[PDB]
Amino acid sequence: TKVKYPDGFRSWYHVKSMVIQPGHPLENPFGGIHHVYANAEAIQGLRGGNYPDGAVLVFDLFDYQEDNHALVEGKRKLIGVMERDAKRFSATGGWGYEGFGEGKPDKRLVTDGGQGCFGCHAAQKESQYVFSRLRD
């Protein structure tokens, strides 16, 4: 009943990126440059189909440094993970929610079985609880 670490996620498909700066309500703790990646199964949900079991989205969050008005990636703060399993993750709408401190497998951040994540992600019920959209 626990989200698997997504080995190899960095070689997956880059869906989009976004910068959250100090002052944004999500500053704590999602401030930084983030990138979104999807495995093959997730791409099919993003492309319009149903999300099948085994679908995985990753939120890869980096700290950054203003240097002469360029934003430069520094150290990874965390990764957030959504793993699709309609049965096993029934409780949180078919996705399991987990965090890994610094992207390391041994550093789970979620302490409430994922209801905090789901609390906010539920507003996107219309789109299967995913906020990101494929762009070209």
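Start at 1 and count along the sequence shown; that's the residue number.
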Ranked by mean Cα B-factor in the entry, 29-37 and 86-94, top stretch is 86-94
Taking the deposited Cα B-factors and averaging over 107-115 and over 52-60, the higher mean is found in 107-115
Is the Cα B-factor recorded for residue 76 in the lowest, middle or highest third of its chain?
lowest
By the recorded C-alpha temperature factor, relative to the other modelled residues in its chain, which third is residue 127 in?
highest
